[PDB]
Student: 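Here's a structure for you.
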Amino acid sequence: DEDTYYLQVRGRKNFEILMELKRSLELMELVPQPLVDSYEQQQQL
Amino acid sequence: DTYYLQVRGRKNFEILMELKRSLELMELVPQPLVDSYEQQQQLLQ
Amino acid sequence: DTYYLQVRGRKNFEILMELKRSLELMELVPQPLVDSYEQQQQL
Amino acid sequence: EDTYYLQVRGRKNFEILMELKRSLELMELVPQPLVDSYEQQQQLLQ
């Protein structure tokens, strides 16, 4: 899903946390697939 | 003190909205219940 | 029920712990204040 | 040493935290120029 959505949040500290999570959720698709596969393996084992 | 962000992906948006709500509602939890929570969490370690 | 999670990285842990608290305490906001909050969000 | 344990009440809360655990852990594996590219792209949105 490539649609973009907007939200607002009250509080600078809350904004900063949500921005970190936004960054992580959006950056995750940039991980090379072989490294994702190696991560998944480590996590179940 | 209101901040605006956008995120790509409906599922990402839905996660951030759940967290926006919980973080904003935190301001309305009576303080002694926040203190009680920290004490209770000492029993879970 | 309660569930366990392991996470690598101290900052990551701090973030998840802050979110955990907010998620676990939101049920303790008095209902009249929740009702007021949701009215404001609809606007 | 650098791994931390957390416990959380509620299945839905657990699932939310697990999804974020995964994204936060995986972000360390993004090649740095793609992080830089992401930050540049983000300038077109806000």
Side-chain angles (χ1 to χ4, degrees), chain A residues 1 3-5 7-12 14-28 30-41 43, chain B residues 2-10 12-26 28, chain C residues 5-26 37-38 41 43, chain D residues 2-4 6 8 12-18 20-27 29-45:
Chain A
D1 193 67
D3 302 316
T4 293
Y5 296 77
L7 70 75
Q8 53 183 344
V9 62
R10 178 67 173 264
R12 187 212 270 241
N14 293 330
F15 176 66
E16 292 164 336
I17 295 168
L18 294 178
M19 285 298 286
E20 303 270 15
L21 300 178
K22 158 187 160 61
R23 180 186 175 89
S24 77
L25 291 163
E26 292 176 329
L27 284 176
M28 197 172 74
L30 303 168
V31 179
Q33 191 66 48
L35 307 187
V36 178
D37 296 343
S38 174
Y39 171 85
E40 314 277 36
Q41 283 277 309
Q43 290 292 319
Chain B
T2 297
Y3 294 84
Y4 299 107
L5 78 70
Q6 39 80 36
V7 67
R8 178 187 74 245
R10 172 77 199 170
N12 294 333
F13 172 67
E14 289 168 331
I15 293 171
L16 295 182
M17 288 292 294
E18 188 79 341
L19 298 169
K20 157 189 157 60
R21 179 187 167 89
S22 66
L23 292 164
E24 287 179 331
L25 283 174
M26 262 303 294
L28 305 178
Chain C
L5 183 152
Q6 256 129 225
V7 66
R8 182 70 174 264
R10 185 178 171 186
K11 181 180 183 173
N12 291 333
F13 180 63
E14 294 163 6
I15 290 164
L16 296 180
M17 286 293 287
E18 178 84 343
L19 301 177
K20 166 185 141 59
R21 177 170 70 165
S22 71
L23 289 165
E24 292 177 328
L25 283 177
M26 62 188 310
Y37 169 79
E38 293 171 341
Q41 289 304 311
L43 297 178
Chain D
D2 204 35
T3 300
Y4 296 86
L6 166 162
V8 60
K12 179 174 181 192
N13 292 333
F14 176 60
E15 293 178 336
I16 289 167
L17 297 181
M18 285 295 281
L20 298 173
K21 164 192 144 68
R22 177 164 188 281
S23 65
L24 291 166
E25 290 180 335
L26 283 171
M27 81 186 310
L29 306 184
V30 178
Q32 188 62 40
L34 299 181
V35 177
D36 299 341
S37 160
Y38 166 84
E39 294 177 352
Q40 290 289 332
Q41 286 167 348
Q42 287 293 305
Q43 299 182 32
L44 271 64
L45 299 173

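By convention in this document, chain letters (A, B, ...) are assigned in the order of the sequence lines, proteins followed by strands, and residues within each chain are numbered from 1. What you see below is based on every heavy atom in this structure, not just the backbone, and it leaves out hydrogens, waters and symmetry mates.
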Student: Side chains of B:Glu24 and C:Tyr37: is there a donor and an acceptor less than 3.5 Å apart?
Tutor: yes

Student: Rounded to the nearest 0.5 Å, how far does CG of B:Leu23 lie from CZ of A:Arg10?
Tutor: 14.0 Å

Student: Just by distance, no angles: are the side chains of D:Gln32 and D:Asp36 close enough, under 3.5 Å, to form a donor-acceptor pair?
Tutor: yes

Student: Hey, mind stepping through B:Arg10 and A:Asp1 against salt bridge (charged side-chain N to carboxylate O under 4.0 Å, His left out) and telling me if it holds?
Tutor: CA-CA 7 Å; B:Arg10 172 77 199 170; A:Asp1 193 67; over 6 Å; no

Student: Can you name the side-chain hydrogen bond (donor to acceptor under 3.5 Å, both in side chains) partners of D:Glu39, sequence neighbours left out?
Tutor: A:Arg23

Student: Between atom CE of D:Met18 and atom CG of C:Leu16, what is the distance when rounded to the nearest 0.5 Å?
Tutor: 10.5 Å

Student: Please step through side chain to side chain contact (heavy atoms under 4.5 Å, CB included) for the pair B:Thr2 and B:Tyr4, ending with a clear verdict.
Tutor: CA-CA 7 Å; B:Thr2 297; B:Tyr4 299 107; 4.0 Å; yes

Student: How many angstroms lie between CG in A:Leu21 and OG in D:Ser23, if you round to the nearest 0.5 Å?
Tutor: 6.5 Å

Student: Starting from the C-alpha separation in whole Å, work towards a yes-or-no answer on side chain to side chain contact (heavy atoms under 4.5 Å, CB included) for B:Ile15 and B:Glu18.
Tutor: CA-CA 5 Å; B:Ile15 293 171; B:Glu18 188 79 341; 5.9 Å; no

Student: Could you give the distance from CG (B:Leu5) to CZ (B:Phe13), rounded to the nearest 0.5 Å?
Tutor: 9.5 Å

Student: Counting distance only, does the side-chain N/O of D:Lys21 pair as donor-acceptor with the main-chain N or O of C:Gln6 below 3.5 Å?
Tutor: yes

